[PDB]
Amino acid sequence: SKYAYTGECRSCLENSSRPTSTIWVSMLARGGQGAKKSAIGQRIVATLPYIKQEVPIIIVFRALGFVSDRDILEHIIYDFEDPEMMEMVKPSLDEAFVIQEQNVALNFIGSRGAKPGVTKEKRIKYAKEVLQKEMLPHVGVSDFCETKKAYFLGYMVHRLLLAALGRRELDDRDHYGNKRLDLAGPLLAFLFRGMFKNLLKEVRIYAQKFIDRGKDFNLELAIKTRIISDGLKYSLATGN
Amino acid sequence: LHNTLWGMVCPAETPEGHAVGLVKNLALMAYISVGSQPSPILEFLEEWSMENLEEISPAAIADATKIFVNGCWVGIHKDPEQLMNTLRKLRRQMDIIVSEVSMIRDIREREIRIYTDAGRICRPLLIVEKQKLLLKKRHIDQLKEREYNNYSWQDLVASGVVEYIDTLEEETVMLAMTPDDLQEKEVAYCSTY
Amino acid sequence: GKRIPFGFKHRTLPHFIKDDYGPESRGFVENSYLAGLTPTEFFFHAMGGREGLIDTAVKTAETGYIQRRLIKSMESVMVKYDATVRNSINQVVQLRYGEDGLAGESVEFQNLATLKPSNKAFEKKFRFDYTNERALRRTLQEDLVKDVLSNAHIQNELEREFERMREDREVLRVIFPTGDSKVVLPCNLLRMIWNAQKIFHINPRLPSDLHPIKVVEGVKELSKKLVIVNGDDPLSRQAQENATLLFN
Amino acid sequence: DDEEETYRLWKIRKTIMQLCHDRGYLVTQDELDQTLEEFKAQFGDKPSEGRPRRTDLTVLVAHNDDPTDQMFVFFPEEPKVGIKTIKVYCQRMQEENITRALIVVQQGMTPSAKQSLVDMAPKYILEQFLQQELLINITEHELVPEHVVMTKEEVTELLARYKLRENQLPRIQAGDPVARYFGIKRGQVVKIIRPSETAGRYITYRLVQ
Amino acid sequence: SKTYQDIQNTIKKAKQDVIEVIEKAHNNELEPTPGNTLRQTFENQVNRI
Amino acid sequence: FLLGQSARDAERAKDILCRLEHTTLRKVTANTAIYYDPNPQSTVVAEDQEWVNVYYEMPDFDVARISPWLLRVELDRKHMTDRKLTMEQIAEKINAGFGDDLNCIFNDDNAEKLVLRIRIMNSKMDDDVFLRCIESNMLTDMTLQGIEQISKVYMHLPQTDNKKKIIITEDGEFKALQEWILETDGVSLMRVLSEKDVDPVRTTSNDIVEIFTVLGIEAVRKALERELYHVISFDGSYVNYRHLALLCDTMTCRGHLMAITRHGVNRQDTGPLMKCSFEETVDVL
Amino acid sequence: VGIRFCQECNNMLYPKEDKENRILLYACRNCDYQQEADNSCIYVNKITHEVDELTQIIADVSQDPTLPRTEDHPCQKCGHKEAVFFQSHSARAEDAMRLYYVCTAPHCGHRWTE
RNA sequence: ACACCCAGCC
Ligand SMILES: [Zn+2]
Ligand SMILES: [Zn+2]
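Each value, and the rule that gives it
Residues numbered from 1 in each chain as written, not as in the entry; some residues may be left out. Chains lettered and ligands numbered in written order. Part of a larger assembly, values for the part shown. Heavy atoms only, no water. Contact = heavy atoms within 4.5 Å. Buried area = accessible area lost by both parts, 1.4 Å probe. Salt bridge = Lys/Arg side-chain N within 4 Å of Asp/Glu carboxyl O. Polar contact = N/O pair within 3.5 Å; in protein donor to acceptor, adjacent residues only side chain to side chain. Nonpolar A, V, L, I, M, F, W, Y, C, P; charged D, E, K, R; others polar. Helix = DSSP H or I, 4+ residues; strand = E, 2+ residues; numbered from the N terminus. Buried < 20%, exposed > 50% of the residue type's maximum accessible area, 1.4 Å probe, protein only. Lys, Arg positive; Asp, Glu negative; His and termini not counted. Donors = N, O, S within 2.8 Å, 3.2 Å for Na, K, Ca; no water. Tetrahedral: all angles 85-135°; square planar, octahedral: opposite > 155°, others 65-115°. Domains from an automatic or database assignment. Expected span 1.5 Å × (residues − 1). Pairing = 2+ DSSP bridges. Patch = residues over 30% accessible without salt bridge, like charges linked within 9 Å, V, L, I, M, F, W, Y side chains within 5 Å. Areas by Shrake-Rupley, 256 points an atom, 1.4 Å probe, with all protein chains shown as cover. Charge placed at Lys NZ, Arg CZ, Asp CG, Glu CD. Axes fitted to C-alpha atoms, helices over the stretch in contact; angles between N-to-C directions.

Colleague: Residues and numbers for the interface of chain C and chain B, please.
Modeller: The interface is formed by 24 residues belonging to chain C together with 22 residues belonging to chain B. Of the roughly 2200 Å² buried where chain C meets chain B, counting both sides, 65% is carbon and sulfur surface. Contact with chain B buries surface across chain C, with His 15, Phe 43 and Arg 50 of chain C losing the most and accounting together for 34% of the total. Run the count over chain C and chain B and you get zero salt bridges. At the boundary of chain C and chain B, one finds eight residue pairs in polar contact. Taken together, the residues of the side of chain C that touches chain B break down into 16 nonpolar, four polar and four charged.

Listed below in structure tokens is the structure:
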């Protein structure tokens, strides 16, 4: 593919309240021979969740709230006296020159989301939400878990650069220590979480239908006992 | 058949045909962790001589070793071996660390990854200290009379003579194939089992 | 194809030290099946066997599709009644099947006795000699040797035979530059000659009563009965000569 | 370079000689085996600027059956050949009313020159050959068997003998390297003689489409 | 028993030769063969032995 | 295959190998730099002072208004010796590729440090960025010698009697004479065939498209025959000749190479029903 | 070689030249800060094997149980008669099966090749 | 029907 030395992190929140979201920070292959493409080096891009096309990594870092490149390279690069990694990350900064502050970076992120829309503040909010609740949920979901996400993204880029320089071996999909085993417990939990969500949704619909109609509602009748029972039974019966 | 299937997956039991290799079977002593809460590990690490990410300048990360818990970068530590020895002691003593918690030190990269989530596959191994098994004749004598007693496997695990090793922690250990044939005194293949 | 890979961190198995390229570490089973395999080499043998099983169970799904595509490429090509090979659109694929006209179930492996020998050996072992009276009298009967030494037409015919054989040798050396004599041809002449020897109780010691002019005439007459491209016009004649050039 | 370029020119001229001979077009025996030293002496040794001008490399050849059918072999100086050059070369051709000729190009010709080659084929036939493709006699390769362009009467006799229609024969592309080497148009037939390991010789026929 | 002794001696000599080649390569005293890398040359030598 | 004396003498064969193998400026440069140098006389490198000073005495169109952006290349010793080049060839190639705007400065072959300086002549971001761009381009996409596609050409004696040259002696005995051969890892058949001292008769390619586009249709038929036979009889299995002949004739019956796929079988003039039974059923109908 | 940032907006410095003085200036391409260079280097590239692994190995590698130990190569500085040897396994070379030795003494760790 | 497993022989 066009990407050489890609890197991923199938992040999943501790309680698995959401499906696993994958960030795919990767490095472009040396295939472009434009005016100033191959001379500087290789650009680094990140395929964030719920965004339909790649974003340069420095834009994501700036969106996380780090404008000055000193702060960026103090997260990606840990050792100052190491010219090779600095030279290899030069293209990433050179591509992100046009983006200069946090809010414009947020606009960059949000303009390529699910919907283009019309106004600015709405997709500034969209970019803030997708970087706060969908990019690396396992390190932070709270409102002010930005420094931790910045450090983790820096570590990801550092691993990418180390792999590119050859200082690490690329991982194996088979090193069986990289594989987890979903047993009956986690699998049944996966069904039960969604199906309890369905039950709560049904209770909400029923009780809303009664409250707007202008009367108290009996809790016992709101609960559809069919849902959990004949959902778990169906899943264990058919195997789907 | 990857190398890391040693002791976790049977090298022989697979179907032949369109599903060869993809369908496997657990080894006879393979154990899959049900997971645990990483909270007590985090409290212990914070109480220990570890410094959190927000309390450090970025310049200090290079020399220090990173600490990952369940894949989440928690902080950094300046003395890796002391922390590793303490953590291993706690796990072997059935302290706040559950026996199924995998604990890994990538020395060549200055990383300490502590995995606690469910789904990891691990197997029990005897513990070796200075070229000698920690499983003495006393343990075997107690195990022989399991009936009319209360000694059992859990007492071996609590005695610190057997511990569950994960397939990914298995990368950082030296296994002796058999005790009285690989730990004798000769032109030694390895003196740090 | 390579030795056992370093699946772990620079180790084949946890039981070896890092950076061990020796025979035991990388999967050299020093034990026999009778003696039994030690655990590490047992695992490595299991890896090899698994590779074999994967190849067996995967190569079928490629080879079956290759075979089916080959079938459907030429399911209709057949030998029509003018001995040409044509597809369903009557487009000639080959003017004669296999370029000779012979089915593949009746041909055998044979050795050309003219391609390999050098000029001296070839002339010695293939040119009929008639100046030597003693040898020719040993091989042939008295009447036959008298006829051979008397007539000059027979001597000229034998010289013509050898000349034709020399041109045939040159043609063979053009056809086969590598020099291998192992060709595939319809009739086994050596085994048929042996069958003729045994059927008629031919004594290989006494002189024979076969006139060499009879051999020449018989071979020439036989060459006109082995027809692959029947006809009279020059084109058919040339095609017939080419189709049976090697056999002739 | 100097020596390498004249060696290239000599090899191209030798290949053109062999090409013309293989077409039945009368060339002298000595030209077929002109050595590098002989070429250097007769034409020059330094094409660096001016002594063997490629204009002086123009070759006239005639046909064995009749002197009237002649050709030209040309050598444009510049890498890229275009309408104005082709126009003047065909004007020179018209001055001597010759029909067929080749153009040996160093690098290639413009799409306009390619279009101008194709459109006026019935009036004067013109062939193209990149100089890279003429540094060897491809007909001398061991893979290439013996091609022989067979005349209309022989084709009629063949189709009568085998009772074949025109389009039932095997095909050969007009742009085939061997077809371009022999200079054959659509409708001609190439008698191909091959050596075979089961018959010894096999004569197949290919129709140009 | 003589055959088993011969096989054991052959395997011992082969292992000794492989250790010798490993020692030679560990000191950068192994001249690579033309057309192959040093690692490939070492692997070829071990495989041939 | 080598035609003349190079087929026997080893070092002529090595010369042919060097003349064929692609050798870009990579694998021969130790380390490059873009050292600033506002003036040529004073320089910025101690090791490049005296020979720089004596070279720049002659004002041969390299002093007038040269840009101060220097490019030091620092060629290697072992790689250059193995590849057997010298400074003047590289300078000539650089000048030819980039004209006179990239004047080249070199010291000698006797220096312990093989340096090489490149500047920009007076005649659009900046000179530094452009200099870096051309440095990368010259390091990657500049040919010193060889053919642009040949990658890892090898050399070995053919031990088996099938590949070595087979000839007839004066007495006619087939002699299994042994000669040098070369095997590449890339196909540029018409360039390699035209090279000096290379047999244009026995030089073949395992690739099939190159044979078709260079030699002919009958040539690719024969090459396909030989390649299929090589595949089948590699393990000792034997298949009668006529079946291979039929397959090769079928794929080359219609002038061009006809693949055994939908893209080659369904493009014939066969009836629609046969094609639809093959594959792509509804599209054909 | 050598990367440092301006003190105003803390962004990456870039090379530049002036015609009036003809002196290299590492100026910030974002803000309006300029400074005089002191190395006259812009872009140093290293094609052949100059990795210098001797200064790249972490001295704490000696205390890894999975590495071999030898007594035939004593430490040069502290004189300890035990060392841990290992290979590189880094890309960009894919060759040079050489041994790097690290002393196993605490408060030491001199790296040496041989 | 359909779908999904499992399994047999190559
Ligand atoms: Zn600034
Ligand atoms: Zn020491």
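Colleague: So what's going on with the side chain of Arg 169 of chain C? Which residues, and what values?
Modeller: Looking at the element boundaries, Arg 169 of chain C is found in helix α5 (residues 152-175). Of the side chains bearing the opposite charge, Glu 170 of chain C lies closest to the buried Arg 169 of chain C, which forms no salt bridge; the N-O distance is 5.1 Å. The residues contacting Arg 169 of chain C, other than those within four sequence positions of it, are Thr 114, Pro 117, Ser 118, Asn 119 and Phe 122 of chain C together with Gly 172 of chain F.

Colleague: If you had to explain the coordination of the zinc ion (ligand 2) to someone new, which residues and values would you point to?
Modeller: Residue and element names in this part refer to chain G. Protein-derived coordination of the zinc ion (ligand 2) comes from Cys 75 (SG), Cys 78 (SG), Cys 103 (SG) and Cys 108 (SG), at a distance range of 2.3 Å. Angles of 107 to 115° at the metal separate the four donor atoms of the zinc ion (ligand 2), which places the site in the tetrahedral class. In primary-sequence terms, the residues that donate to the zinc ion (ligand 2) follow C-x2-C-x24-C-x4-C. Of the two residues, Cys 78 is situated in the loop between β3 (45-46) and β4 (83-86) and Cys 108 in the loop between β5 (100-103) and β6 (111-113); the sequence distance between them amounts to 30 residues.

Colleague: Just give me the short version of the coordination of the zinc ion (ligand 1), but keep the residues and values in it.
Modeller: Put simply, the ideal angle at a metal is 109.5 degrees for four donors in tetrahedral geometry and 90 or 180 degrees for six donors in octahedral geometry. Residue and element names in this part refer to chain G. Surrounding the zinc ion (ligand 1) are the protein donor atoms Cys 6 (SG), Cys 9 (SG), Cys 28 (SG) and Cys 31 (SG), at 2.3 Å. In primary sequence terms, the donor set of the zinc ion (ligand 1) follows C-x2-C-x18-C-x2-C. Pair noted here: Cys 9 is in the segment before β1 (13-17) and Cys 31 is in the loop between β2 (24-28) and β3, with a separation of 22 residues, a long-range link. Relative accessible area serves as the criterion here: at 24%, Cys 9 is assigned to the partly exposed category.

Colleague: Would you mind going over the environment of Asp 216 of chain A in detail, with residue names and values included?
Modeller: Following the sequence through the fold, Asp 216 of chain A ends up in the loop between α7 (184-212) and α8 (219-222). Note: C-alpha distance between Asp 216 of chain A and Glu 121 of chain A (95 residues apart in sequence) is 39 Å.

Colleague: So what's going on with unusual backbone geometry? Residues and values would help.
Modeller: With a phi close to 60°, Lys 130 of chain B is a non-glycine residue in the positive phi region. Looking at where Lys 130 of chain B falls in the secondary structure, it is placed in the loop between β7 (121-126) and α3 (137-144). Unusually for a residue other than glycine, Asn 28 of chain E sits at a positive phi of about 60°. Positionally, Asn 28 of chain E belongs in the loop between α1 (2-26) and α2 (38-48). A residue is classified by how much of its surface remains accessible, and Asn 28 of chain E, at 38% relative accessible area, is partly exposed.

Colleague: How would you sum up the environment of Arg 53 of chain D? Please name residues and give values.
Modeller: By the element assignment, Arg 53 of chain D lies in the loop between α3 (36-43) and β2 (59-63). As for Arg 53 of chain D and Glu 77 of chain D, which are separated by 24 residues in sequence, their C-alpha atoms are 8.1 Å apart.

Colleague: Lay out the domain arrangement of chain G with the relevant residues and their values.
Modeller: Accessible area lost on assembly of the parts is the figure often given for the size of an interface. Here the domain parsing of chain G yields domain 1 (1-45) and domain 2 (46-114). For domain 1 of chain G and domain 2 of chain G, the distance between their C-alpha centres works out to 38 Å.

Colleague: Pulling in residues and values, what's your account of the interface of chain C and chain F?
Modeller: Chain C puts 38 residues into the contact, and the matching count from chain F is 31 residues. Between chain C and chain F the total buried area reaches about 2700 Å² when both faces are included, carbon and sulfur atoms providing 57% of it. Along the contact surface separating chain C from chain F lie three salt bridges. Salt-bridge contacts for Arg 221 of chain F lead to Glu 99 of chain C; the nearest nitrogen and oxygen are separated by 3.4 Å. At the level of elements, α1 (39-73), β3 (92-94), α2 (119-126) and α5 of chain C are the ones that each hand at least two residues to the side of chain C that touches chain F.

Colleague: Explain helix α5 (residues 121-133) of chain A to me, using residue names and the numbers behind them.
Modeller: Residues and elements named next belong to chain A. An ideal rise of 1.5 Å per residue puts 18 Å on 13 residues; α5 measures up with 18 Å between its terminal C-alpha atoms. Those residues of α5 that fall on the buried side of the exposure criterion are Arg 123, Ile 124, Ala 127, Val 130, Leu 131 and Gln 132. Elements that come into contact with the buried residues of α5 comprise α1 (57-63), α4 (102-110) and α6 (147-165).

Colleague: Can you tell me about the sheet that holds strand β4 (residues 44-46) of chain A, naming the residues and giving the values?
Modeller: All names here are of chain A. The strand order across the open sheet formed by three strands is β3-β4-β5, and the pairing between neighbours is antiparallel. Among the strands making up the open sheet, the edge pair consists of β3 (26-27) and β5 (55-56). Sheet topology places β4 next to β5; two bridges connect them, and they run antiparallel. Considered in β5, the bridge of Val 45 is made with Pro 56.

Colleague: Could you give an account of a positive patch on the surface, with specific residues and numbers?
Modeller: Together, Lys 14, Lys 27, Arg 83, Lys 84 and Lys 152 of chain F make up a positively charged patch on the protein surface. Within the secondary structure, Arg 83 of chain F sits in helix α3 (residues 78-83).

Colleague: Run through the sheet that holds strand β3 (residues 71-72) of chain F, naming residues and quoting values.
Modeller: Residues and elements named next belong to chain F. One open sheet accounts for three strands, arranged β3-β5-β4; its pairing is antiparallel. One side of each edge strand has no neighbouring strand; the edge strands of this open sheet are β3 and β4 (104-106). Bridge count for β4 against strand β5 (residues 116-118) is three bridges, and the pairing is antiparallel. Each residue of the ladder has a partner; that of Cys 104, found in β5, is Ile 118. In the packing of helix α4 (residues 87-98) onto the sheet, contacts are made with β4 and β5, and the angle to β4 comes to roughly 170°.

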